[PDB]
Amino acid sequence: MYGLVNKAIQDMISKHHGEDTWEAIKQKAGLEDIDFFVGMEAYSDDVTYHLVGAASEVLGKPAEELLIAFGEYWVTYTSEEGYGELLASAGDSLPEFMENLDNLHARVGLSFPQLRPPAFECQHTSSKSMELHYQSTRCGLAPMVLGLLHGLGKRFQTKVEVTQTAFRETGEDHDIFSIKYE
């Protein structure tokens, strides 16, 4: 993924657990060679996976737990590192934000040609609920989506419940979430 993702992981871990832990996690992933991540440079996804994998081992938490937390961090981090207005441009509510997400990524992609954005499809079951279909070129990031959604709830001062109803790992086509929200 683009380096901003890896920069955000670094930032999250460094801030919550200190530099020495991050330096240890960086070493285990086998990325001691990389002196800093370049935010607008495309990396192999394995770099992200290896950082999550190594942080799971070093912190003694599951990777998925870390994905949830990172998903929550991402929404705040990007608002502060040059993406606040773009985020604002996608709306003042969770359902609106999700409807706008495919277009928000179209904007990013002009800038960044190797972007592999996920596809989202909303189906509004009420004015307080929706089912969300999540489709991706990447495997195992559903837990991050769960965090992202909870990041958005926090951003819009909204109570959000998210449950995954279908997983790519029970054989299903794509991930599907059920969402209820204030």
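Don't overthink the numbering: it's just position in the shown sequence, from 1.
- Averaged over their C-alpha atoms, the temperature factors of 66-74 and 110-118 are higher for 110-118.
- Higher mean CA B-factor, judged across 23-31 and 38-46 from the recorded values: 23-31.
- In the deposited entry, the Cα temperature factor of residue 59 places it in the highest third of its chain's modelled residues.
- Sort the modelled residues of the chain by CA B factor and residue 133 lands in the lowest third.
- When the modelled residues of the chain are ordered by their C-alpha B factor, residue 81 lands in the lowest third.
- Per the deposited record, the Cα B-factor of residue 9 falls in the lowest third when ranked against the other modelled residues of its chain.
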